[PDB]
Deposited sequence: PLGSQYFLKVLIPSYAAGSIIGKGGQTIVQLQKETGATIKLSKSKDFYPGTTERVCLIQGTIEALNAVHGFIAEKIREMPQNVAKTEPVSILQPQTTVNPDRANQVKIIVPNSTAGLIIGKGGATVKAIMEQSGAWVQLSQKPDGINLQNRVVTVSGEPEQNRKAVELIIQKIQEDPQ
């Protein structure tokens, strides 16, 4: 199957619950999706964040699924960040997500009901309700896929 990458920012309070005791949860998730998942270590934050990074590699569907799981776990806090997803895209993909004078991010936001913003990489922050975020991430991933 065709393999793709997704980098997601995880607040440190959520990492415990996505790895699980002795790694059980992350293993299961990797085994069930076929995805490979790597978190940066506890104090390895994305430049100018307090967030760890989660490298996911797998099929388009596995990326949406892994990210769906991560979102859920983040939604169970120890305020703004409860309902955001941040992902890291190459400048190339960043360019594709925006679109001619912002047409594309506007289309995405219409289709999702999410509020999407962009900060050699940029972080994309998606804002809204679970199903809204999940929808926008699907469109974003689709544009990760389509960039050669």
| item | value |
| --- | --- |
| Coordinate gaps, deposited numbering | 1-2, 81-99, 141-148, 178 |
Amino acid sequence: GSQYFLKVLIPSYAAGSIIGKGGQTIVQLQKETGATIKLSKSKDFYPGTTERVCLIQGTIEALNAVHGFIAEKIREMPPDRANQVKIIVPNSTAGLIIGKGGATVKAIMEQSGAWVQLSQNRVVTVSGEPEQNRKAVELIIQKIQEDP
From here on, numbers count along this sequence of modelled residues.
{"item": "Higher-B stretch (mean Cα B-factor, as the entry records it), 110-118 or 50-58", "value": "110-118"}
{"item": "Which of 60-68 and 97-105 has higher mean CA B factor, as the PDB entry lists it", "value": "97-105"}
{"item": "Which of 31, 38, 81, 41 ranks first by CA B-factor in the deposited coordinates", "value": "81"}
{"item": "Residue 22 - Cα temperature factor, lowest/middle/highest third of chain", "value": "lowest"}
{"item": "Entry-reported Cα temperature factor of residue 128, expressed as the chain third it lands in", "value": "middle"}
